[PDB]
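Chemist: Experimental structure and its sequence below.
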Amino acid sequence: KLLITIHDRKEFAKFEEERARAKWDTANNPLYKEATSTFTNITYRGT
């Protein structure tokens with residue numbers, strides 16, 4: 001469902017990510033965001 005969760009990741013997940021990455025930064029996120037690794041500078045940073 002990952003192919004589809006991307007869209008809900010920015011919509012929904014961004015919500016949970018606030019508290020999620022607040023406690024499980026390394027569990028939910030690989031660095032900060034996902035696009036932080038594959039890209040160098042992006043405004044969404046998770047696009």
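Modeler: That came in fine, so what should we check first? Numbers count the residues shown, from 1 in each chain.

Chemist: residue ranges of the helices in the protein, please?
Modeler: Assigned by DSSP state H, the helices in the chain fall at 2-8, 14-28, 35-38.

Chemist: Please name whichever of these is nearest to residue 47.
Modeler: helix 35-38 (5.5 Å; C-beta to C-beta). The way it works is simple: take the backbone N, C-alpha and C, and place the C-beta from them, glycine included.

Chemist: Distance from the closest one to the middle of the chain?
Modeler: Distance, stretch centre to chain centre, for helix 35-38: 10 Å (C-alpha atoms, centre = their mean, to the nearest Å).

Chemist: got the CA coordinates for it in CSV?
Modeler: Provided in CSV are the C-alpha atoms of helix 35-38 (Å, rounded to 0.1, in the frame of the first residue of the first chain):
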residue,chain,number,x,y,z
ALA,A,35,13.1,12.9,0.9
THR,A,36,15.8,14.4,3.0
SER,A,37,18.0,11.4,2.1
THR,A,38,17.2,11.2,-1.7
